[PDB]
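For reference, the structure is listed below as structure tokens.
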Amino acid sequence: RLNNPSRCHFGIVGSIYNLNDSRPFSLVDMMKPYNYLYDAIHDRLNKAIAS
Amino acid sequence: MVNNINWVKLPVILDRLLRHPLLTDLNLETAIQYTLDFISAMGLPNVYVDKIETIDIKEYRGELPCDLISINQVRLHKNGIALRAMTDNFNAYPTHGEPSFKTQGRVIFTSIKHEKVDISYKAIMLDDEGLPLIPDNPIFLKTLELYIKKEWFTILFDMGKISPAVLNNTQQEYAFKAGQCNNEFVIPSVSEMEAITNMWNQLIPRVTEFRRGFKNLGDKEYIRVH
């Protein structure tokens, strides 16, 4: 940068999709419990279909 | 059946019957007949001995073992394919398919000319003397005791040497113990319920365990995960 000799970084650029300095609560995180419940209930459904 | 068929000799039943002063004219000779009658009338398959014995078919006919009472399966020796009941009315009669069989006496009528067939049959467990050998299950023993007592009391009632109330009580008790004995020998054990469970739950139904010797009937049905 022009005025600050100490401003430098690496080629790596990115972002965390977080809320207020926390770890990111992703979309998959907030859909995962429902997917697990779906899998368990469909397990019951399949075992019912077998019997 | 939950319990095991431990064998004991026939006069174990005469130990118990002869406790009754009115049954003291009973004999081993009478116990044999009534025991065989009870065995047949109950028709429990756990009381018989499972045997397998190969025979030759000369021409649509084969000689049957001496001790055979009932056949579980017949199959071809070389292939292992089981045979079914013969519905054909002119089996080996010519004019001018799959194999099957039919058994009447000492002779088994198959639809095949010259092959060896394996017969899995049930017989009676015998004693060192050539006599029937009974389970020592006290439910079975009590039910056989009550059967013989009921028959003896029925004769004595036909004479008029027993009260009708006494025979009515004997018939009631024998009936209850007969039902209980039927349920004792037939209700599956834990291993037999695992086999029944593995027969019951199939996502892909298995409908060809007759072809095998029902070997895979209680095998669990695994589905791969995708």
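All of the numbers you see were taken from the coordinates with simple rules; none came from a lab. We place every Cβ from the backbone using ideal geometry, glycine too, and count neighbours over all the protein chains shown.
Structure note, pairs B:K150/B:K177; B:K9/B:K51; B:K78/B:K215: Cα-Cα distances above 19 angstrom occur for B:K9/B:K51. In terms of its C-alpha gyration tensor, the protein assembly as shown has an oblate overall shape, because the principal axis ratio a/c (a ≥ b ≥ c, square roots of the eigenvalues) is not below 1.5 and a/b does not outweigh b/c. For region B:107-226, the share of alpha carbon pairs falling in successive 10 Å distance bins from zero is 10, 20, 22, 23, 15, 7, 1, 0 percent.
How high is the relative contact order of region B:124-175? Use alpha-carbon pairs under 8 Å, at least six apart in sequence, and give a whole percent. Intermediate values should be presented prior to the final figure.
Working: 27 pairs, mean separation 14.4, N = 52.
Reported relative contact order: 28 percent.
Working from Cα positions, state the angle (0 to 90°, nearest 10) between the long axis of helix A:27-50 and the longest principal axis of chain A. It is inclined by approximately 20 degrees. Entry note, chain A: the mean residue ellipticity at 222 nm calculated from DSSP H runs of n ≥ 4, each adding -39500 (n - 2.57), is -16500 deg cm²/dmol after division by the residues and rounding to the nearest 500. Sorting the segments B:52-65, B:142-155, B:200-213 by their residues' average number of neighbouring beta-carbon atoms within 10 angstrom, most packed first, yields B:142-155, B:52-65, B:200-213. Give the separation of the Cα centroids, chain A to region B:179-201, in Å. Result: 50 Å between the Cα centres.
222 nm [θ] for chain B, helices only, -39500 (n - 2.57) per DSSP H run of 4+, per residue, to 500?
Numbers: 5 runs with 78 residues, N = 226.
Calculated at 222 nm, the ellipticity per residue is -11500 deg cm²/dmol.
Our note on the geometry: Cα centres of region B:105-156 and region B:50-66, 20 Å apart. Between B:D25 and A:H9, the modelled labels are 11.4 nm apart [label points 7 Å from Cα along Cα→Cβ]. Only one residue of B:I69, B:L146, A:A40 has its Cα farthest out toward the positive end of the dipole of the protein assembly as shown, where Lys and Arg carry +1 and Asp and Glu -1 on Cβ, and that residue is A:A40.
In terms of the Cα gyration tensor, with a ≥ b ≥ c the square roots of its eigenvalues, is chain A rounded because a/c is under 1.5, prolate because a/b exceeds b/c, or oblate? Before the final figure, lay out each step's value.
Numbers: a/c = 9.59, a/b = 4.50, b/c = 2.13.
Here chain A falls in the prolate category.
A simple packing score, the average count of other Cβ atoms within 10 Å per residue, orders the peptides A:39-48, B:40-49 as B:40-49, A:39-48, with the highest score first. Simple spin-label estimate for B:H96 and B:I81 gives 3.3 nm between the two label positions (7 Å along the Cα-to-Cβ direction from each Cα). A simple charge model with +1 on the Cβ of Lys and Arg, -1 on the Cβ of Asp and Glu and nothing else charged puts the dipole of the protein assembly as shown at about 1380 debye relative to its Cα centre.
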